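> these chains are from a complex, not moved at all, and more is on the way:
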Amino acid sequence: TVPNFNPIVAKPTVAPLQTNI
């Protein structure tokens, strides 16, 4: 059977405030 027809992927990313050093 036809595999991987319309495979979509998701990888969530956060977006904080005040990246500190």
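Happy to help now that I have it. Numbers count the residues shown, from 1 in each chain, chains lettered A, B, ... in the order given.

> use CA for all of it now, contacts and neighbours both
Noted.

> and the one residue sitting closest to the centre of chain A, backbone torsions?
In chain A, the centroid-proximal residue (CA atoms, centre = their mean) is residue A:11; its distance is 1.7 Å. Phi and psi for residue A:11, reported as degrees, to the nearest 10, are phi -140, psi 100.

> Assign residue A:19 to one of the three secondary structure states.
The three-state label given to residue A:19 by DSSP: H, G, I helix; E, B strand; the rest coil is coil.

> Near it, how many other residues are there?
6 (other CA atoms under 10 Å).

> just residue A:1 next, same as before
3.

> For it, give its distance to residue A:11.
Distance of residue A:1 to residue A:11, computed by CA to CA, to the nearest Å: 27 Å.

> ok, back up a step: check the gap between the residue nearest to the centre of chain A and residue A:19 for me.
Distance of residue A:11 to residue A:19, computed by CA to CA: 21 Å.

> measure residue A:19 to residue A:4 for me?
Using CA to CA, residue A:19 is found at 39 Å from residue A:4.

> can you check residue A:18 too?
Using CA to CA, we find residue A:18 at a distance of 41 Å from residue A:4.

> mind adding chain B? sequence follows:
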Amino acid sequence: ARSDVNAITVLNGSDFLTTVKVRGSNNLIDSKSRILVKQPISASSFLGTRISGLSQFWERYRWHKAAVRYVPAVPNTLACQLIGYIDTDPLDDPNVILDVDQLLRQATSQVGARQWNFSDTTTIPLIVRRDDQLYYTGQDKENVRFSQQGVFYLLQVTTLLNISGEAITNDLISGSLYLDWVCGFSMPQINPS
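Time to bring in chain B:
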């Protein structure tokens, strides 16, 4: 009970120094203005604290483990960098420096330097010399390399601005400076006031 013995009384504690005040736009026009704090780290320099109240009852002192602490009183949305360092030689006066970058660089060059945004907290360690030299506790006198074991300079690297882009000009307060210290006093006495 009438012992004539002298011995170091290493005792620990914490203390509240003062509230810093980021200089803002108006009061910030030149380099020396970027020097918010010039506070000696002599035990007897913070008047109402416990450390100085104790120091008044000895001759000498030596920070075995001292560290200035910054606790912010602002959100993380405001923006300004800060540099802090403790010069172990008091007579090194950066106020004479005009070039701002030269100032920040001679600050960063000091070993115990620290850089932090005024929205988080960090610790400024005092670095101790290697000769065991004790320092006198009383108010500063003819020379300073006897009394002061260090000097805490607090610097404003950038300009102060808010949620929006408009830079503040009102010279607000950002946080407070605490001192988590460990000192050893040698000779019981009373100093004059």
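
> Please reconsider the neighbour count of residue A:19 now that chain B is part of the model.
8 (other CA atoms under 10 Å in any protein chain shown).

> Now the residue of chain A found nearest chain B: closest residue in space, sequence neighbours ignored.
Nearest to chain B, among the residues of chain A, is residue A:18, at 5.8 Å (CA to the nearest CA). Closest residue to residue A:18 apart from its sequence neighbours, by CA to CA, 6 or more residues apart in numbering or on different chains: residue B:76 at 5.8 Å.

> What helix or strand is that neighbour located in?
Using DSSP states H and E, residue B:76 is not contained in any helix or strand.

> doesn't residue A:17 make contact with it?
Yes. Checked against CA atoms under 8 Å, the pair residue B:76 and residue A:17 is within contact range at 7.2 Å.

> between those two, who's got more neighbours?
The neighbour comparison of residue B:76 against residue A:17 (other CA under 10 Å) goes to residue B:76, with 17 against 8.

> Please list all residues in contact with that one.
The contact partners of residue B:76, by CA atoms under 8 Å, 6 or more residues apart in numbering or on different chains, come to A:17, A:18, B:119, B:120.

> Grab the nearest non-local neighbour of the last one.
The shortest distance from residue B:120 to any residue other than its chain neighbours is 6.1 Å, reached at residue B:72 (CA to CA, 6+ apart).
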